[PDB]
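S.K.: Got a structure for you, work-v4.csv, holding CSV, C-alpha atoms and all ligand atoms.
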chain,number,residue,atom,x,y,z
A,3,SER,CA,18.5,19.1,19.5
A,4,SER,CA,17.9,16.2,21.9
A,5,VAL,CA,15.1,15.1,24.2
A,6,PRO,CA,14.2,15.4,27.0
A,7,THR,CA,15.3,18.9,28.1
A,8,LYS,CA,15.1,21.2,31.2
A,9,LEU,CA,14.9,18.7,34.1
A,10,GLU,CA,13.8,20.8,37.1
A,11,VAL,CA,12.4,20.1,40.6
A,12,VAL,CA,9.0,21.8,40.9
A,13,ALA,CA,7.9,20.9,44.5
A,14,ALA,CA,10.1,19.6,47.3
A,15,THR,CA,9.5,17.8,50.5
A,16,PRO,CA,11.7,15.9,53.1
A,17,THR,CA,10.1,12.7,51.8
A,18,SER,CA,9.1,13.4,48.2
A,19,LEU,CA,10.2,15.3,45.1
A,20,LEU,CA,8.1,16.6,42.2
A,21,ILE,CA,10.0,17.1,39.0
A,22,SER,CA,9.1,18.0,35.4
A,23,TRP,CA,10.7,18.7,32.0
A,24,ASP,CA,10.1,20.3,28.6
A,25,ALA,CA,10.5,17.3,26.4
A,26,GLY,CA,9.7,18.6,22.9
A,27,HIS,CA,7.2,18.9,20.1
A,28,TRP,CA,4.8,16.3,18.6
A,29,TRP,CA,7.2,14.8,16.1
A,30,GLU,CA,9.4,13.7,19.0
A,31,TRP,CA,6.7,12.8,21.7
A,32,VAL,CA,7.5,9.2,22.8
A,33,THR,CA,5.3,6.6,24.4
A,34,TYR,CA,7.1,6.1,27.7
A,35,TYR,CA,9.8,7.8,29.7
A,36,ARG,CA,11.8,5.8,32.3
A,37,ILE,CA,13.1,7.8,35.3
A,38,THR,CA,15.9,6.8,37.7
A,39,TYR,CA,16.6,8.2,41.2
A,40,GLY,CA,19.1,7.2,43.8
A,41,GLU,CA,21.7,8.5,46.3
A,42,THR,CA,24.6,10.7,45.2
A,43,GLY,CA,27.2,8.8,47.3
A,44,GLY,CA,26.8,5.6,45.3
A,45,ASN,CA,26.6,2.8,47.9
A,46,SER,CA,23.4,1.2,46.6
A,47,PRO,CA,21.7,0.4,43.3
A,48,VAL,CA,19.2,2.8,41.6
A,49,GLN,CA,15.4,2.8,41.7
A,50,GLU,CA,13.5,2.9,38.4
A,51,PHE,CA,9.9,3.3,37.3
A,52,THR,CA,8.2,4.2,34.0
A,53,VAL,CA,5.6,6.7,33.1
A,54,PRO,CA,3.5,7.3,29.9
A,55,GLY,CA,5.0,9.5,27.2
A,56,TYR,CA,2.1,12.0,27.1
A,57,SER,CA,2.9,13.3,30.6
A,58,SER,CA,5.8,15.6,31.5
A,59,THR,CA,5.7,15.4,35.3
A,60,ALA,CA,6.5,12.7,37.8
A,61,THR,CA,6.1,12.3,41.5
A,62,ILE,CA,8.7,10.5,43.6
A,63,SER,CA,7.9,9.5,47.2
A,64,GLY,CA,9.5,7.5,50.0
A,65,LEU,CA,12.7,9.6,50.2
A,66,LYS,CA,14.9,10.2,53.2
A,67,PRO,CA,15.3,13.8,54.5
A,68,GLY,CA,18.7,15.5,54.5
A,69,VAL,CA,20.3,13.3,51.8
A,70,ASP,CA,21.4,14.5,48.4
A,71,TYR,CA,19.9,12.5,45.5
A,72,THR,CA,20.6,12.2,41.7
A,73,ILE,CA,17.5,12.1,39.4
A,74,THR,CA,17.8,11.1,35.7
A,75,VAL,CA,15.1,10.9,33.0
A,76,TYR,CA,15.7,8.6,30.0
A,77,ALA,CA,14.0,7.8,26.7
A,78,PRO,CA,12.8,4.5,25.1
A,79,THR,CA,16.0,4.4,23.0
A,80,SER,CA,19.3,6.3,23.0
A,81,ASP,CA,18.4,7.7,19.5
A,82,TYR,CA,16.2,10.5,20.9
A,83,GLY,CA,19.2,12.0,22.8
A,84,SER,CA,21.4,11.8,25.8
A,85,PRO,CA,19.4,11.6,29.1
A,86,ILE,CA,19.3,14.5,31.5
A,87,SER,CA,20.5,14.1,35.1
A,88,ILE,CA,20.2,16.6,38.0
A,89,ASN,CA,20.8,16.8,41.7
A,90,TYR,CA,18.8,17.9,44.7
A,91,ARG,CA,19.1,17.8,48.5
A,92,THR,CA,15.9,17.3,50.6
B,4,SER,CA,-25.8,-24.2,32.3
B,5,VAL,CA,-23.6,-21.5,33.9
B,6,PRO,CA,-23.6,-20.2,36.5
B,7,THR,CA,-24.8,-23.0,38.7
B,8,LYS,CA,-25.4,-23.7,42.4
B,9,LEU,CA,-25.8,-20.2,44.0
B,10,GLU,CA,-25.7,-20.4,47.8
B,11,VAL,CA,-24.7,-18.2,50.8
B,12,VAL,CA,-21.7,-19.5,52.7
B,13,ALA,CA,-21.2,-17.0,55.6
B,14,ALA,CA,-24.0,-14.8,56.9
B,15,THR,CA,-23.8,-11.8,59.2
B,16,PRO,CA,-26.8,-9.5,60.0
B,17,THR,CA,-25.3,-6.9,57.7
B,18,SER,CA,-23.4,-9.0,55.1
B,19,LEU,CA,-23.8,-12.1,52.9
B,20,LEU,CA,-20.9,-14.1,51.4
B,21,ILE,CA,-22.2,-15.9,48.3
B,22,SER,CA,-20.5,-18.4,46.0
B,23,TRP,CA,-21.2,-20.4,42.9
B,24,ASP,CA,-19.9,-23.1,40.6
B,25,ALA,CA,-18.7,-21.0,37.6
B,26,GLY,CA,-18.0,-23.9,35.3
B,27,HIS,CA,-15.1,-26.1,34.1
B,28,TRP,CA,-11.6,-25.0,33.0
B,29,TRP,CA,-12.2,-23.7,29.5
B,30,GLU,CA,-15.9,-22.8,29.6
B,31,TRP,CA,-15.3,-19.9,32.0
B,32,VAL,CA,-17.0,-16.6,31.2
B,33,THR,CA,-15.2,-13.3,31.5
B,34,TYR,CA,-17.4,-11.8,34.2
B,35,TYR,CA,-20.5,-12.4,36.3
B,36,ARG,CA,-22.9,-9.7,37.6
B,37,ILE,CA,-24.6,-9.9,41.0
B,38,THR,CA,-27.9,-8.3,41.9
B,39,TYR,CA,-29.0,-8.1,45.5
B,40,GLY,CA,-32.0,-6.2,46.6
B,41,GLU,CA,-35.0,-6.2,49.0
B,42,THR,CA,-37.4,-9.1,48.5
B,43,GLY,CA,-40.3,-6.6,48.5
B,44,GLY,CA,-39.7,-3.8,46.0
B,45,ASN,CA,-40.0,-0.4,47.7
B,46,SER,CA,-36.7,0.7,46.2
B,47,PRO,CA,-34.5,-0.3,43.3
B,48,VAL,CA,-31.8,-3.0,43.5
B,49,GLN,CA,-28.0,-2.9,43.9
B,50,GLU,CA,-25.7,-4.5,41.4
B,51,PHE,CA,-22.0,-5.2,40.9
B,52,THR,CA,-19.8,-7.4,38.8
B,53,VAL,CA,-17.0,-10.0,39.4
B,54,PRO,CA,-14.3,-11.3,37.1
B,55,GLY,CA,-14.8,-14.7,35.5
B,56,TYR,CA,-12.1,-16.6,37.3
B,57,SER,CA,-13.4,-15.8,40.8
B,58,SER,CA,-16.0,-18.1,42.3
B,59,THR,CA,-16.9,-16.1,45.4
B,60,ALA,CA,-18.3,-12.6,46.1
B,61,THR,CA,-19.1,-10.7,49.3
B,62,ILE,CA,-22.2,-8.6,49.7
B,63,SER,CA,-21.8,-5.9,52.4
B,64,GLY,CA,-23.9,-3.0,53.7
B,65,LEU,CA,-27.1,-4.8,54.4
B,66,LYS,CA,-29.9,-4.2,56.9
B,67,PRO,CA,-30.4,-6.8,59.7
B,68,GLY,CA,-33.5,-9.1,59.4
B,69,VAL,CA,-34.6,-8.1,55.9
B,70,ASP,CA,-35.0,-10.8,53.3
B,71,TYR,CA,-33.0,-10.3,50.1
B,72,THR,CA,-33.1,-11.8,46.6
B,73,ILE,CA,-29.6,-12.5,45.1
B,74,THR,CA,-29.4,-13.1,41.4
B,75,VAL,CA,-26.2,-13.9,39.3
B,76,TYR,CA,-26.3,-13.2,35.6
B,77,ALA,CA,-23.9,-14.6,33.0
B,78,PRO,CA,-22.5,-12.1,30.4
B,79,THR,CA,-25.4,-13.2,28.2
B,80,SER,CA,-28.4,-15.6,28.5
B,81,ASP,CA,-27.4,-17.9,25.6
B,82,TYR,CA,-25.8,-20.4,28.1
B,83,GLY,CA,-28.5,-20.7,30.8
B,84,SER,CA,-31.0,-18.7,32.8
B,85,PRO,CA,-29.7,-16.6,35.7
B,86,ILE,CA,-29.8,-18.4,39.0
B,87,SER,CA,-31.7,-16.5,41.8
B,88,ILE,CA,-32.1,-17.5,45.5
B,89,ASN,CA,-33.4,-16.0,48.7
B,90,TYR,CA,-31.9,-15.5,52.1
B,91,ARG,CA,-32.9,-13.8,55.4
B,92,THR,CA,-30.1,-12.3,57.5
C,2,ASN,CA,-23.0,1.5,-0.9
C,3,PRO,CA,-21.8,-1.8,0.7
C,4,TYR,CA,-19.2,-2.2,-2.0
C,5,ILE,CA,-17.7,1.1,-0.6
C,6,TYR,CA,-17.3,-0.1,3.0
C,7,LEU,CA,-14.5,-2.4,1.7
C,8,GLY,CA,-12.9,0.5,-0.1
C,9,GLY,CA,-12.8,2.2,3.3
C,10,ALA,CA,-11.6,-1.0,5.0
C,11,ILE,CA,-8.6,-1.5,2.7
C,12,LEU,CA,-7.5,2.2,2.7
C,13,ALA,CA,-7.8,2.3,6.5
C,14,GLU,CA,-5.4,-0.7,6.8
C,15,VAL,CA,-3.2,0.9,4.0
C,16,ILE,CA,-2.7,4.0,6.2
C,17,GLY,CA,-2.3,1.9,9.4
C,18,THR,CA,0.4,-0.2,7.7
C,19,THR,CA,2.4,2.8,6.4
C,20,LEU,CA,2.0,4.5,9.7
C,21,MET,CA,3.4,1.4,11.3
C,22,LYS,CA,6.6,2.2,9.3
C,23,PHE,CA,6.6,5.5,11.2
C,24,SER,CA,5.7,4.0,14.5
C,25,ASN,CA,9.4,3.1,15.2
C,26,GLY,CA,8.6,-0.2,16.9
C,27,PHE,CA,5.5,1.3,18.6
C,28,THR,CA,7.9,3.4,20.6
C,29,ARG,CA,6.8,6.8,19.1
C,30,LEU,CA,3.5,8.3,20.3
C,31,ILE,CA,1.1,9.6,17.6
C,32,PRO,CA,2.2,7.0,15.0
C,33,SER,CA,1.6,4.3,17.6
C,34,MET,CA,-1.9,5.5,18.3
C,35,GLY,CA,-2.6,6.1,14.6
C,36,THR,CA,-2.4,2.4,13.5
C,37,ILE,CA,-4.7,1.4,16.3
C,38,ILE,CA,-7.4,3.9,15.3
C,39,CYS,CA,-7.2,3.0,11.6
C,40,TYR,CA,-7.3,-0.8,12.3
C,41,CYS,CA,-10.3,-0.3,14.6
C,42,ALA,CA,-12.2,1.6,12.0
C,43,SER,CA,-11.4,-0.9,9.2
C,44,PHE,CA,-12.6,-3.7,11.4
C,45,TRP,CA,-15.9,-1.9,12.1
C,46,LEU,CA,-16.5,-1.1,8.4
C,47,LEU,CA,-15.5,-4.7,7.4
C,48,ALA,CA,-17.9,-5.8,10.0
C,49,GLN,CA,-20.6,-4.2,7.8
C,50,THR,CA,-19.4,-5.9,4.6
C,51,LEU,CA,-19.4,-9.5,6.0
C,52,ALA,CA,-23.2,-9.4,5.6
C,53,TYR,CA,-24.0,-8.4,2.1
C,54,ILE,CA,-20.8,-9.4,0.2
C,55,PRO,CA,-19.2,-12.7,0.9
C,56,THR,CA,-15.6,-13.6,2.0
C,57,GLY,CA,-13.2,-14.3,-0.9
C,58,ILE,CA,-14.7,-11.6,-3.1
C,59,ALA,CA,-14.4,-8.9,-0.5
C,60,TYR,CA,-11.0,-10.2,0.5
C,61,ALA,CA,-9.5,-10.6,-2.9
C,62,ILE,CA,-10.6,-7.1,-3.7
C,63,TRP,CA,-8.7,-6.0,-0.5
C,64,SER,CA,-5.6,-8.0,-1.3
C,65,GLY,CA,-5.6,-6.7,-4.9
C,66,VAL,CA,-6.1,-3.0,-4.3
C,67,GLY,CA,-4.2,-3.1,-1.0
C,68,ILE,CA,-1.0,-4.6,-2.5
C,69,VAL,CA,-1.4,-2.1,-5.3
C,70,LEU,CA,-1.7,0.8,-2.9
C,71,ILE,CA,0.6,0.2,0.1
C,72,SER,CA,3.3,-0.7,-2.4
C,73,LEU,CA,2.8,2.6,-4.3
C,74,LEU,CA,2.8,4.3,-0.9
C,75,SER,CA,6.3,2.8,-0.4
C,76,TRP,CA,8.2,4.8,-3.0
C,77,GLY,CA,6.4,8.1,-2.4
C,78,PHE,CA,7.3,8.1,1.3
C,79,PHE,CA,11.0,7.0,1.1
C,80,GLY,CA,11.7,5.4,-2.3
C,81,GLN,CA,13.3,2.0,-1.7
C,82,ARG,CA,14.9,0.0,1.0
C,83,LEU,CA,15.8,-3.3,-0.8
C,84,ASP,CA,14.9,-5.0,-4.1
C,85,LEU,CA,15.3,-8.6,-5.2
C,86,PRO,CA,14.7,-10.6,-8.5
C,87,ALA,CA,11.2,-9.8,-9.9
C,88,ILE,CA,8.2,-7.6,-9.2
C,89,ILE,CA,6.4,-10.2,-11.4
C,90,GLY,CA,6.8,-12.5,-8.4
C,91,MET,CA,4.3,-10.3,-6.6
C,92,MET,CA,2.1,-10.5,-9.7
C,93,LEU,CA,2.1,-14.3,-9.6
C,94,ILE,CA,1.5,-14.4,-5.8
C,95,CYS,CA,-1.7,-12.5,-6.4
C,96,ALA,CA,-2.4,-14.8,-9.3
C,97,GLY,CA,-1.9,-17.7,-6.8
C,98,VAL,CA,-4.2,-16.1,-4.3
C,99,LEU,CA,-6.9,-15.6,-6.9
C,100,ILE,CA,-7.0,-19.3,-8.0
C,101,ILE,CA,-8.0,-20.6,-4.5
C,102,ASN,CA,-10.4,-17.9,-3.4
C,103,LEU,CA,-12.5,-17.2,-6.6
C,104,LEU,CA,-11.9,-20.7,-8.0
D,2,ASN,CA,16.1,-13.3,9.1
D,3,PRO,CA,13.2,-11.1,8.0
D,4,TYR,CA,11.3,-14.3,7.0
D,5,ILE,CA,11.5,-16.3,10.3
D,6,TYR,CA,9.4,-13.8,12.3
D,7,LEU,CA,7.4,-12.9,9.2
D,8,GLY,CA,6.2,-16.5,9.0
D,9,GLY,CA,6.1,-16.7,12.8
D,10,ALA,CA,3.8,-13.7,12.7
D,11,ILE,CA,1.7,-15.4,10.0
D,12,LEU,CA,1.1,-18.3,12.5
D,13,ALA,CA,0.2,-15.8,15.2
D,14,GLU,CA,-2.4,-14.1,13.0
D,15,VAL,CA,-3.8,-17.4,11.7
D,16,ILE,CA,-4.1,-18.8,15.3
D,17,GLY,CA,-5.7,-15.4,16.3
D,18,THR,CA,-8.4,-15.5,13.6
D,19,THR,CA,-9.1,-19.2,14.0
D,20,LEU,CA,-9.4,-18.8,17.8
D,21,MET,CA,-11.7,-15.9,17.3
D,22,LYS,CA,-14.0,-18.3,15.6
D,23,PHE,CA,-13.8,-20.8,18.5
D,24,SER,CA,-14.6,-18.2,21.2
D,25,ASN,CA,-17.9,-16.3,21.1
D,26,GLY,CA,-18.1,-12.5,21.3
D,27,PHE,CA,-14.8,-12.3,23.3
D,28,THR,CA,-16.9,-13.9,26.1
D,29,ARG,CA,-15.1,-17.3,26.7
D,30,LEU,CA,-12.2,-16.1,28.8
D,31,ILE,CA,-9.3,-18.5,28.0
D,32,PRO,CA,-9.7,-18.4,24.2
D,33,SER,CA,-10.4,-14.6,24.2
D,34,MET,CA,-7.2,-13.9,26.3
D,35,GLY,CA,-5.4,-16.1,23.7
D,36,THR,CA,-6.7,-14.2,20.7
D,37,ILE,CA,-5.6,-10.9,22.4
D,38,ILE,CA,-2.1,-12.2,22.9
D,39,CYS,CA,-1.5,-13.4,19.3
D,40,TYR,CA,-2.8,-10.3,17.6
D,41,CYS,CA,-0.7,-8.2,20.0
D,42,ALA,CA,2.3,-10.4,19.1
D,43,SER,CA,1.5,-10.2,15.4
D,44,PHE,CA,1.2,-6.4,15.6
D,45,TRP,CA,4.7,-6.3,17.2
D,46,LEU,CA,6.2,-9.0,14.8
D,47,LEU,CA,4.9,-7.3,11.7
D,48,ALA,CA,6.1,-3.9,12.8
D,49,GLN,CA,9.6,-5.2,13.4
D,50,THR,CA,9.7,-7.1,10.1
D,51,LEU,CA,8.6,-4.1,8.1
D,52,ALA,CA,11.8,-2.0,8.4
D,53,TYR,CA,13.7,-4.5,6.3
D,54,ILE,CA,11.2,-5.9,3.8
D,55,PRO,CA,9.5,-3.2,1.6
D,56,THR,CA,5.9,-2.5,2.5
D,57,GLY,CA,4.3,-4.0,-0.6
D,58,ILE,CA,6.5,-7.1,-0.5
D,59,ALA,CA,5.5,-8.3,2.9
D,60,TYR,CA,1.9,-7.7,2.0
D,61,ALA,CA,1.5,-10.4,-0.6
D,62,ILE,CA,3.7,-13.0,1.2
D,63,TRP,CA,1.6,-12.7,4.4
D,64,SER,CA,-1.7,-12.8,2.5
D,65,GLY,CA,-0.5,-15.8,0.5
D,66,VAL,CA,1.1,-17.9,3.2
D,67,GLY,CA,-1.8,-17.0,5.5
D,68,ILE,CA,-4.5,-18.4,3.3
D,69,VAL,CA,-2.1,-21.2,2.5
D,70,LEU,CA,-1.8,-22.0,6.2
D,71,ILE,CA,-5.5,-21.2,6.7
D,72,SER,CA,-6.7,-23.7,4.0
D,73,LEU,CA,-4.0,-26.1,5.1
D,74,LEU,CA,-5.3,-26.0,8.7
D,75,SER,CA,-8.9,-26.1,7.4
D,76,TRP,CA,-8.5,-29.4,5.7
D,77,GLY,CA,-6.0,-30.3,8.5
D,78,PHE,CA,-8.4,-31.3,11.3
D,79,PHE,CA,-11.6,-29.2,10.9
D,80,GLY,CA,-13.7,-29.4,7.8
D,81,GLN,CA,-12.8,-30.0,4.2
D,84,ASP,CA,-14.6,-24.8,-4.1
D,85,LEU,CA,-11.3,-26.7,-4.3
D,86,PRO,CA,-10.0,-26.5,-7.9
D,87,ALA,CA,-6.8,-28.2,-6.8
D,88,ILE,CA,-3.7,-27.6,-4.7
D,89,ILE,CA,-2.5,-25.8,-7.8
D,90,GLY,CA,-3.4,-22.5,-6.2
D,91,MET,CA,-1.4,-23.3,-3.1
D,92,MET,CA,1.6,-24.2,-5.3
D,93,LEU,CA,1.1,-21.0,-7.2
D,94,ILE,CA,1.4,-19.0,-4.0
D,95,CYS,CA,4.5,-21.1,-3.2
D,96,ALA,CA,6.0,-20.3,-6.6
D,97,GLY,CA,5.8,-16.5,-6.2
D,98,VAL,CA,6.9,-16.5,-2.5
D,99,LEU,CA,10.0,-18.4,-3.7
D,100,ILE,CA,11.0,-15.9,-6.5
D,101,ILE,CA,10.7,-13.0,-4.1
D,102,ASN,CA,12.6,-14.8,-1.4
D,103,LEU,CA,16.4,-14.9,-1.0
E,1,LIG,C1,0.2,-8.1,7.3
E,1,LIG,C2,-1.2,-8.2,6.7
E,1,LIG,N1,-1.3,-8.5,5.4
E,1,LIG,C3,-2.5,-8.6,4.8
E,1,LIG,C4,-3.7,-8.4,5.6
E,1,LIG,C5,-3.5,-8.0,7.0
E,1,LIG,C6,-2.3,-7.9,7.5
E,1,LIG,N2,-2.4,-7.6,8.8
E,1,LIG,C7,-3.8,-7.5,9.1
E,1,LIG,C8,-4.4,-7.2,10.4
E,1,LIG,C9,-5.8,-7.1,10.4
E,1,LIG,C10,-6.6,-7.4,9.3
E,1,LIG,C11,-5.9,-7.7,8.1
E,1,LIG,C12,-4.5,-7.7,8.0
For this file, produce the structure as structure tokens.
Ligand SMILES: Cc1nccc2c1[nH]c1ccccc12
M.R.:
Amino acid sequence: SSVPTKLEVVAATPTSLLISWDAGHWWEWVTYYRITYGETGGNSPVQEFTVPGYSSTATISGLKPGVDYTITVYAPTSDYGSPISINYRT
Amino acid sequence: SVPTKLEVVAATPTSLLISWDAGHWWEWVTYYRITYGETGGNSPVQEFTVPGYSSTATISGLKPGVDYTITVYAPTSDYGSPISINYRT
Amino acid sequence: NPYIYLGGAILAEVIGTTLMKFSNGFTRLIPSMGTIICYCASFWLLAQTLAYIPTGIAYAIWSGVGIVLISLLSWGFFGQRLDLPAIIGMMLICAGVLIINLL
Amino acid sequence: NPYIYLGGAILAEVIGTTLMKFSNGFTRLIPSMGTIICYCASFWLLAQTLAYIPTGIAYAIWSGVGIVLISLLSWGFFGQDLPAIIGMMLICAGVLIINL
């Protein structure tokens, strides 16, 4: 009973990833989601960018081919639920 | 009152870089609109707007040799008549 | 007719204020957009009263019916959060507001 | 703690409406950008001071202190039906007995 939910990678590309989610219903529906993506090894910080809360998709570009990444989608506050994190290799 | 002093700085056969004295610190408007068209009147005119803090504006896509009439309007006309000039590329 | 545009101006702010209690710091979509819509409509209808009716009369009517409505829409939607000395303090604040506007 | 940013939001709204009178129809840039900022801050300061203070309580205090600060700023350095400052002190009296 938390949000968001069902973080999946729709389209893939050696230099870009298209992801989505099924957040929830109208009573949850927030104003902005912040999404973080970085390398799986962990020898660097983590990139971040926000997106309005009426959209459920997000396009990430400028990725390196062959490397495994970790993608996480957050909420404005930790009250809506624990964030969802996934992995994907380009 | 504003705008004031409309003149063309740089001039290329197909472009005109115009400028103006918008005003002073606090009396800036939010936007100006610029109207450049043929000095005759065989066709309508072209028009664009520029934010209030900018004091220059470039006019591209012109025909060489034709005389144009450039007019700059304030947001309204309660602070001075719009200044209009002429130039031949 | 013009003494009704105020009645729509107060109520629109009444809804926008109680919806602000649901906005969760403007972090929740739908209550965040709701207060903006209601405040925009109240402004536009107040913009039609500031011609026929004056200032203090149209404002004291707002402050009177507003404080009597958004306070009543505070128990029906949750009950209470905190209470302190007197409700009569609110009554004499309104009495203090009324003796500088009308008077 | 609910009173500091309630009164600070009353200043933002007062400055917002008084500055709306200075600028024209949102045409003068510097004052119009100012008015936009203080009503955006007031909307965010009132929303944050509403979770603690009941809805109807913060209504009167703002309306009172506002016109108190509005009429105080009016006679302050602008212009000058004044029965007395008895109405200002009457707003002060009620704001006190709802306070801490
Ligand atoms: C907090 C508060 N109390 C009384 C009146 C108002 C208010 N916020 C407003 C915003 C726009 C117009 C009127 C008000």
S.K.: Let me have all residues with an atom within 10 Å of ligand LIG 1 (chain E), counting all atoms listed in the file, laid out as a compact mmCIF listing (two decimals) with C-alpha atoms, in the coordinates of the input.
M.R.:
# COMPACT_ATOMS: atom_id res chain seq x y z
CA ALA C 10 -11.60 -1.00 5.00
CA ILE C 11 -8.60 -1.50 2.70
CA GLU C 14 -5.40 -0.70 6.80
CA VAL C 15 -3.20 0.90 4.00
CA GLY C 17 -2.30 1.90 9.40
CA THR C 18 0.40 -0.20 7.70
CA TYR C 40 -7.30 -0.80 12.30
CA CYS C 41 -10.30 -0.30 14.60
CA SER C 43 -11.40 -0.90 9.20
CA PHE C 44 -12.60 -3.70 11.40
CA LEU C 47 -15.50 -4.70 7.40
CA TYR C 60 -11.00 -10.20 0.50
CA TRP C 63 -8.70 -6.00 -0.50
CA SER C 64 -5.60 -8.00 -1.30
CA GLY C 67 -4.20 -3.10 -1.00
CA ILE C 68 -1.00 -4.60 -2.50
CA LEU D 7 7.40 -12.90 9.20
CA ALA D 10 3.80 -13.70 12.70
CA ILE D 11 1.70 -15.40 10.00
CA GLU D 14 -2.40 -14.10 13.00
CA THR D 18 -8.40 -15.50 13.60
CA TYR D 40 -2.80 -10.30 17.60
CA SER D 43 1.50 -10.20 15.40
CA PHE D 44 1.20 -6.40 15.60
CA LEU D 46 6.20 -9.00 14.80
CA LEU D 47 4.90 -7.30 11.70
CA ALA D 48 6.10 -3.90 12.80
CA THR D 50 9.70 -7.10 10.10
CA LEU D 51 8.60 -4.10 8.10
CA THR D 56 5.90 -2.50 2.50
CA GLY D 57 4.30 -4.00 -0.60
CA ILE D 58 6.50 -7.10 -0.50
CA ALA D 59 5.50 -8.30 2.90
CA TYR D 60 1.90 -7.70 2.00
CA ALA D 61 1.50 -10.40 -0.60
CA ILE D 62 3.70 -13.00 1.20
CA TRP D 63 1.60 -12.70 4.40
CA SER D 64 -1.70 -12.80 2.50
CA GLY D 65 -0.50 -15.80 0.50
CA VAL D 66 1.10 -17.90 3.20
CA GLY D 67 -1.80 -17.00 5.50
S.K.: Hey, what's within 8 Å of region 69-79 of chain A if we count only C-alpha atoms and toss same-chain stuff fewer than 4 positions away? As an NGL selection string, please?
M.R.: (:A and (5-6 or 9 or 32-42 or 83-92)) or (:C and (28))
S.K.: Counting only C-alpha atoms, which residues come within 10 Å of (-20.1, 0.9, 7.9), with the point read in the file's coordinates, and could you list them as a PyMOL selection string?
M.R.: chain C and resi 2-3+5-7+9-10+42-50
S.K.: Can you pull out the residues contacting residue 61 (chain C)? Cut-off 8 Å, using only C-alpha atoms, and skip same-chain residues under 3 positions away; I want them as a ChimeraX atom specification.
M.R.: /C:57-58,64-65,98-99,102
S.K.: Quick one: contact table of chain D to chain B, 6 Å max, nearest atom pair and distance in Å to one decimal per residue, counting all atoms listed in the file, chain and number order, as CSV?
M.R.:
residue,atom,partner,partner_atom,distance
D:28,CA,B:33,CA,5.7
D:29,CA,B:32,CA,4.9
D:30,CA,B:33,CA,4.9
S.K.: Return the padded bounding box of region 34-40 of chain B as AutoDock Vina command-line options: axis-aligned, built from all atoms listed in the file, 8 Å added on each side, with centre and edge lengths in Å to one decimal.
M.R.:
--center_x -24.7 --center_y -9.3 --center_z 40.4 --size_x 30.6 --size_y 22.2 --size_z 28.4
S.K.: Between CA of residue 57 (chain B) and CA of residue 37 (chain D), what is the distance, to one decimal in Å?
M.R.: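 Between these atoms lies a distance of 20.6 Å.
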S.K.: Using all atoms listed in the file, find the one residue out of D:68, D:27, D:53, D:45 that sits nearest to residue 15 (chain D).
M.R.: D:68
S.K.: What does the structure give for the distance between CA of residue 54 (chain C) and CA of residue 103 (chain C), in Å to one decimal?
M.R.: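 Rounded to one decimal, the two atoms are 13.3 Å apart.
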S.K.: Which residues, written as an mmCIF file with C-alpha atoms, in the coordinates of the input, have at least one atom at most 6 Å from region 20-27 of chain A, with all atoms listed in the file counted and residues fewer than 5 positions away on the same chain left out?
M.R.:
data_model
loop_
_atom_site.group_PDB
_atom_site.id
_atom_site.type_symbol
_atom_site.label_atom_id
_atom_site.label_comp_id
_atom_site.auth_asym_id
_atom_site.auth_seq_id
_atom_site.Cartn_x
_atom_site.Cartn_y
_atom_site.Cartn_z
ATOM 1 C CA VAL A 5 15.100 15.100 24.200
ATOM 2 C CA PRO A 6 14.200 15.400 27.000
ATOM 3 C CA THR A 7 15.300 18.900 28.100
ATOM 4 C CA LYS A 8 15.100 21.200 31.200
ATOM 5 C CA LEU A 9 14.900 18.700 34.100
ATOM 6 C CA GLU A 10 13.800 20.800 37.100
ATOM 7 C CA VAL A 11 12.400 20.100 40.600
ATOM 8 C CA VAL A 12 9.000 21.800 40.900
ATOM 9 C CA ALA A 13 7.900 20.900 44.500
ATOM 10 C CA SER A 58 5.800 15.600 31.500
ATOM 11 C CA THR A 59 5.700 15.400 35.300
ATOM 12 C CA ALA A 60 6.500 12.700 37.800
ATOM 13 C CA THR A 61 6.100 12.300 41.500
#
S.K.: Env of residue 35 (chain D): 10 Å cut, atoms = all atoms listed in the file, seq-sep filter 2 positions within chain, self excluded. Answer as a list in words.
M.R.: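 Result of the neighbour search: residues 16, 17, 20, 21, 24, 30, 31, 32, 33, 37, 38, 39, 40 and 41 of chain D.
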S.K.: Got a sec to pull out which chain C residues are within 10 Å of chain A, counting only C-alpha atoms, and send them as a list in words?
M.R.: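 The answer, sorted by residue number, is residues 24, 25, 27, 28, 29, 30, 31, 32, 33 and 34 of chain C.
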S.K.: With a distance threshold of 6 Å and counting only C-alpha atoms, extract the residues of chain D near chain C and express them as a PDB file with C-alpha atoms, in the frame of the given file.
M.R.:
ATOM      1  CA  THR D  56       5.900  -2.500   2.500  1.00  0.00           C
ATOM      2  CA  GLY D  57       4.300  -4.000  -0.600  1.00  0.00           C
ATOM      3  CA  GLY D  90      -3.400 -22.500  -6.200  1.00  0.00           C
ATOM      4  CA  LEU D  93       1.100 -21.000  -7.200  1.00  0.00           C
ATOM      5  CA  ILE D  94       1.400 -19.000  -4.000  1.00  0.00           C
ATOM      6  CA  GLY D  97       5.800 -16.500  -6.200  1.00  0.00           C
ATOM      7  CA  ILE D 100      11.000 -15.900  -6.500  1.00  0.00           C
ATOM      8  CA  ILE D 101      10.700 -13.000  -4.100  1.00  0.00           C
TER       9      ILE D 101
END
S.K.: Could you state the separation of CA of residue 89 (chain B) and CA of residue 73 (chain B) in Å, given to one decimal place?
M.R.: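 Rounded to one decimal, the two atoms are 6.3 Å apart.
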S.K.: Just want the 12 Å neighbourhood of residue 20 (chain B), counted on all atoms listed in the file, with same-chain residues fewer than 4 positions away dropped. Output as a list in words.
M.R.: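 Those residues are residues 9, 10, 11, 12, 13, 14, 15, 16, 37, 39, 58, 59, 60, 61, 62, 63, 64, 65, 73, 90 and 92 of chain B.
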